[PDB]
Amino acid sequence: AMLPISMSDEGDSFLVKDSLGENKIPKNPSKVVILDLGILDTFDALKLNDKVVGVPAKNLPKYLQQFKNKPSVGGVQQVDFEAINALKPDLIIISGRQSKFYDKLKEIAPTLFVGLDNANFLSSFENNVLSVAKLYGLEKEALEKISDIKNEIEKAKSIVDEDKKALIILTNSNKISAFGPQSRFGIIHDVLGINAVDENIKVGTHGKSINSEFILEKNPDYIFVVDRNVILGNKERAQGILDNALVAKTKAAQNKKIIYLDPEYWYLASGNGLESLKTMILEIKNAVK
């Protein structure tokens, strides 16, 4: 399991260790650059909008449009290091997309890593939210919002059909990639308990390459689709790629259970937010109930 965030109260600050290192972070930091879009939604959920100084506006989701008048620090995969420096942040919050630039960011300001653990989603999710909340004295508000999400999980689980199997795919340009348990989208199988049509899909960041013959041979009952074209600004769309004669023969296609999941939540936020995760849970529940 990934190392959790642990914190010591230092009066005016906390001394914080995460899997990438140690930082001293001020209490109530007033100028936070946020590069994980999930955590951006947690800031909103805890009414901390004014504490945000900079966001990756290249990849700012439609659901986070209230942050459209914050200064941009570029995109999640194209960080603007000069902009970050100019906003004089007290804290920079990053996840796995920026771990390779940890040292460079940390020369600028204290840099907190909030990656999710694909093997331990909920544990890491709670530790991320509670760590952030602790910085602001908001553990009570945060714990209530977690409890609400856990209650939504239970409700969702109780409607799942034990005799149906799902496949999770990512579409990119014309190409299709598969994801299963313990992947970046694994909450479908690991948290909500929908069975996997293929339990031996090897975990990788951008999935494992497949084609529509694979999808037909598996014949899943549900296909959950994540359209990375939307995120990249490509012209292609998953609807077009999957509207072929082999996919049409699946049970999923037949029962109108090809479900196009919003990739701003699933691919960008990755459920690493109080708002995003609740919305995502409801989107699965409403697709399969």
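The term rigid core refers to the most C-alpha atoms you can superpose between the two forms while keeping them within 1.5 Å. Counting begins at 1, following the sequence as shown.
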RMS Cα shift after core superposition in 5 other deposited structures of this protein, winner of 199-207 and 182-190: 199-207
Which of 239-247 and 51-59 lies farther from this form in 5 other deposited structures of this protein, as RMS of C-alpha positions after a rigid core fit: 239-247
Which of 60-68 and 258-266 has higher mean CA B factor, as the PDB entry lists it: 60-68
Comparing 90-98 with 157-165, the one whose average Cα B-factor in the PDB entry is higher: 157-165
Identity of residue with top Cα B-factor, from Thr171, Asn120, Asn211, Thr205: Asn211
Most elevated Cα B-factor in the entry, residues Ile241, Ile223, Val226, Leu35: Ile241
Third of the chain's Cα B-factor distribution that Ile194 belongs to, per the entry: lowest
Third of the chain, ranked by Cα B-factor, where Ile108 sits: middle
Modelled-residue ranking by C-alpha temperature factor, third containing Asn85: highest
Relative C-alpha B-factor of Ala133, binned into the chain's lowest, middle or highest third: middle
Lowest, middle or highest third - CA B-factor, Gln77: middle
